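For the record, the sequence lines run as chains A and B.
Under this note's numbering, the first residue of the first sequence is numbered 20, with each subsequent residue one higher.
Under this note's numbering, the first residue of the second sequence is numbered 63, with each subsequent residue one higher.
The beta carbon of each residue, even a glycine, is placed where N, CA and C say it ideally should be.
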Amino acid sequence: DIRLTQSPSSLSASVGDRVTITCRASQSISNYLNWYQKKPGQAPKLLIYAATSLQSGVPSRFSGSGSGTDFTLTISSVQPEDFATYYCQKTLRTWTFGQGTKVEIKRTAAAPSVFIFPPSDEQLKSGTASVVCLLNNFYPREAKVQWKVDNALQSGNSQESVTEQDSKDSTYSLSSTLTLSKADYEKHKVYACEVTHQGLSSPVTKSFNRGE
Amino acid sequence: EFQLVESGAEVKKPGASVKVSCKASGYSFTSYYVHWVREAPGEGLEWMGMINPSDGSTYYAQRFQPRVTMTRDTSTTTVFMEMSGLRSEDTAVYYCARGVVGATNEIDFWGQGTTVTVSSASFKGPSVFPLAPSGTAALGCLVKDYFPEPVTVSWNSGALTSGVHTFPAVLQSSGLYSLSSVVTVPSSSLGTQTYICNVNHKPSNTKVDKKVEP
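Right, here's the structure in full:
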């Protein structure tokens, strides 16, 4: 029926900041809007119900406003336990959730430490080769990794994962894996990982040569 | 004291059906609605529907309407969510939650959630490969070709917790998962210290210890 749009998708903030999150409804949904906090590995926690009402046991720094089509969830001063994803929910007819706004911790830029791992000899026994590229402790999250085999750009044949913000330094880490058959792997000499990141003046390349 | 205990993690073949149970306790069963909400990996919260355990009245999201049936058993104060024609996109954690409706409208209490994984892959313990070290040195463990989730990796039992990153797993084209766990250590240690990853795949009763050498 009625769509819900949340803004922004991603937000960065420091402890004690004031953060504002927005939910826009495609039609008037009046009062019927709730706000949730959701951290990874747990069920959602209800913060605000009926657009403006504070749920019992929720700290006062949380508050909601709006009616009709436009809703705001603000946190007056962000406390370190407040870094989570936030959802709005229509509580009318279909109880549709919004997309979620992820509230992450702001910090100074940090360049990734870059590492390349050739396949191990025991993995090659299996007839598979996996080259792993590690991007360690970087901020902000946005980064770009490129695999180049014999200086030829690779696309669509690697997998990657990113950690959540570290609990102590608030940086991210990323691992990328290029996987080939032992046959293919033995057909090439040079395996390279190119990384561009705003903490880097120019792109960084780590690489190795199979026979060496 | 309030409790919504959900059925344990389940793996189902594509095209099959799943029936997740929600046993409620610690409050009067007929006085609250039960909601079902799911979260597929990398997606946001998705509301599926409601049920009134007083009458058995249901209200579904249109998106799940023909595949999802919710029922209750009042004698056992238990709610059920049945989903048919499961596809890999139905792989998610499924929550049930207790909710008041009408004069006030909110979901106030939540279950622990149930992982349903939808795949044709057979259970399989991981192959563990070393990520050999090449002022600080990184080394690690490539944990390849296991099913299902999850795997735990620790270092040195675990004397080493610092600077460790265990990456979220990826689903490979094979239908098996794969991840890396990396740690940074002093380059000076590579002559003295032996580094072991302790990989534990509980779902297959598999434990692997791989020494990572320079």
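- Taking C-beta atoms as the reference points, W166/A and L197/A count as a pair closer than 8 Å.
- Any Cβ of chain B closer than 8 Å to the Cβ of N53/A would place that residue at the interface, and such an atom is present.
- If you draw a straight line from the Cα of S28/A to the Cα of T254/B, it is about 47 Å long.
- Between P115/B and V99/B, the C-beta gap is not smaller than 8 Å, which leaves the two residues out of contact.
- The three-state reading of DSSP puts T93/A in strand, counting E and B together.
- DSSP, reduced to helix, strand and coil, places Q178/A within a strand of the structure shown.
- Of all residues in the segment 203–217 of chain B, the ones placed with a Cβ closer than 8 Å to any Cβ belonging to chain A are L204, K206, in chain order.
- Two segments are said to touch when three or more pairs of C-beta atoms, one from each, lie closer than 8 Å; by this definition the segment 177–193 of chain B touches the segment 202–219 of chain B.
- Contacts with chain B at 8 Å (Cβ-Cβ) do not include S86/A.
- By the Cβ-count criterion, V34/A is exposed, with fewer than 16 other Cβ atoms from all chains shown falling within 10 Å of its own Cβ.
- Taking the C-beta atoms as reference points, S242/B is found nearer than 8 Å to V151/A.
- Counting along the chain, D207/B sits inside the beta strand (DSSP E) bounded by residues 198–208.
- Proximity of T115/A to chain B, defined by a Cβ-Cβ separation below 8 Å, is satisfied.
- A Cβ-Cβ distance of about 10 Å is found for the pair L73/A and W54/A, leaving them out of contact under the 8 Å criterion.
- For the C-beta of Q46/A, not a single chain B residue is nearer than 9 Å; the gap to the nearest is close to 16 Å.
- Closer than 8 Å to the CB of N176/A there is not a single CB belonging to chain B.
- The three-state secondary structure of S139/A, taken from DSSP, is coil.
- Counting along the chain, the unbroken beta strand (DSSP E) around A44/A starts and ends at 38–44.
- At a cut-off of 8 Å, the C-beta of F64/B has no neighbouring C-beta in chain A.
- With a beta-carbon spacing of about 6 Å, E211/B and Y239/B fall inside the 8 Å limit used to define contacts.
- Within the segment 165–190 of chain B, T166, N167, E168, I169, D170, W172, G173, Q174, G175, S189 place their CB atoms closer than 8 Å to a CB of chain A, listed in sequence order.
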